[PDB]
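One chain comes next, on its own, written as structure tokens: the form deposited in one PDB entry.
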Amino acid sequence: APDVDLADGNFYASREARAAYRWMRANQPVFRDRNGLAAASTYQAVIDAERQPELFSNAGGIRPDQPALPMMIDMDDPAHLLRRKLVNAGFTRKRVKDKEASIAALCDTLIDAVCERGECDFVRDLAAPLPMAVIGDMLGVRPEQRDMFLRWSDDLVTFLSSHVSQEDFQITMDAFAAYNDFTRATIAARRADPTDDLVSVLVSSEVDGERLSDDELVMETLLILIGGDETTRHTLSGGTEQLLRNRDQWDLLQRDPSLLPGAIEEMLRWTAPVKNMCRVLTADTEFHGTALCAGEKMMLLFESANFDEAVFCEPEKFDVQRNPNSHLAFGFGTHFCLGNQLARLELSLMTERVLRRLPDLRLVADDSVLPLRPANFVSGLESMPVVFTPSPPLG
């Protein structure tokens, strides 16, 4: 077997991870790593676990060596369902679709900031700022305070993505304290004088005589911040990278905008920014050939599932036309990403504008192998230098 530690962020920063996944799928689909940690590597195993939440629970927390927090993603039904219905008020199909104009304007502003230069870092300048600006605007964050939230988000993702030192633990707690303070200020303000922002909508949400408490509002908005920021970033950067590495794909999209929805799905399949979520076993079970024990956690390897040849023909081919494309980047089942529509909307609006406004975009070096973030949870490109013919801003 490959000698790997699936809780080590260095594994996921390796471009040989998919080679390891390939071995797992072919030889021990429910794999145990060098330390005995169990992981579902095939699409079939991931789906089968997702469909059995009573056996494969979220209530032990979704990271391998960390306890549950009081938030939707660390809950099982029926409690989870109530929490999700409450928060869903902020993510109805209509409410998300109505953000189109505002998100488009953010995209044009971001491209305006670099279009005259002829070069930018696609990650720093386009992929990273968009998701935080979208969430920031929902949360009432002033534009000049976005970078503060970007840092807190990175701190928290880092905490979820490793076993932190004492120092980094304190940094995480301090970031949470700051987020908590900010959010409680917003909650107090909105409970008194409602606007149309996210905290306002969540405060007014009601399900079967139940409402979100201040504690729950802090936790659920935090989950939204962390869940929707760096994930979206990595699909935007890594997905655009594949368009640039395969010019035929870039060319297809540019000459046919109707192919955009399929392109976004392939970007999602390929990038799988969430590399795993954990499930805790509620009983001993024989699962796709591997004996699992009550109380242990098993990873769902979403990237591995997304490259499973049982489901995706020639999975190492990036193909924007792929149909079907039933990837698991957003998971499956009762915890299926609540923000999936918003993420898709951001990715579509920015990609449409990149294709249009930076039509000859290319990677600084076509032979570059760019670094991935060492993290065991959410990961993608650190940097992506790109060049293009300059143009005047739209303003």
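We call the rigid core whatever largest set of C-alpha positions still superposes within 1.5 Å between the two forms. One-based numbering along the sequence shown. Only residues modelled in both forms are compared.
Undergrad: Of 366-374 and 28-36, which one has the bigger average CA B-factor?
TA: According to the PDB entry, the answer is 366-374.
Undergrad: Which has higher Cα B-factors on average according to the PDB entry: 123-131 or 95-103?
TA: If you average the C-alpha B-factors of 95-103 and of 123-131, the larger mean comes out for 95-103.
Undergrad: Highest Cα B-factor in the deposition, which of 206, 303, 229, 319?
TA: Of the options given, 206 has the highest CA B-factor in the PDB entry.
Undergrad: Whose C-alpha has the highest temperature factor in the PDB entry: 324, 239, 315, 273?
TA: Going by the entry's C-alpha B-factors, 324 comes out highest.
Undergrad: C-alpha B factor of residue 167, ranked within the chain: lowest, middle or highest third?
TA: For residue 167, the deposited C-alpha B-factor lands in the highest third.
Undergrad: Relative to the other modelled residues in the chain, which third contains the C-alpha temperature factor of residue 356: lowest, middle or highest?
TA: It falls in the top third of the chain.
Undergrad: When the modelled residues of the chain are sorted by Cα temperature factor, does residue 284 land in the lowest, middle or highest third?
TA: Highest third - that is where residue 284 ends up once the chain's C-alpha B-factors are sorted.
Undergrad: Considering only modelled residues of the same chain, in which third does the CA B-factor of residue 221 rank: lowest, middle or highest?
TA: It belongs to the lowest third of the chain when residues are ordered by C-alpha B-factor.
Undergrad: Relative to the other modelled residues in the chain, which third contains the C-alpha temperature factor of residue 269: lowest, middle or highest?
TA: Residue 269: CA B-factor falls in the lowest third of its chain.
Missing here is the form deposited in another entry; even so, the following discussion is about that form.
Undergrad: Which single residue of 179, 318, 312, 250, after superposing the core, moves its CA by 2 Å or more between the shown form and the other one?
TA: Among the listed residues, the one whose C-alpha moves by 2 Å or more is 179.
Undergrad: Would you say residue 118 moves between the shown form and the other one, meaning its CA shifts by 2 Å or more once the core is fitted?
TA: Superposed on the core, residue 118 moves its C-alpha less than 2 Å between the shown form and the other one.
Undergrad: Quick one: once the rigid core is lined up, does residue 194 have its C-alpha move by 2 Å or more between the shown form and the other one?
TA: After core superposition, the C-alpha of residue 194 moves 2 Å or more between the shown form and the other one.
Undergrad: State yes or no: after fitting on the rigid core, is the Cα displacement of residue 290 between the shown form and the other one at least 2 Å?
TA: Residue 290: C-alpha displaced by less than 2 Å between the shown form and the other one.
Undergrad: Work out whether the Cα atoms of residue 66 and residue 159 come closer together or move farther apart in that other deposited form than they are in this form, the change being 3 angstroms or more.
TA: They are farther apart; the C-alpha distance rises by 3 Å or more in that other deposited form.
Undergrad: Say whether the C-alpha atoms of residue 381 and residue 159 sit closer together or farther apart in that other deposited form than in the form shown here, given that their separation changes by 3 Å or more.
TA: Closer, not farther.
Undergrad: Given a rigid core superposition, which stretches of at least 3 residues have all Cα atoms displaced by 2 Å or more between the shown form and the other one?
TA: After superposition, residues 92-95, 139-142, 158-219 shift as runs.
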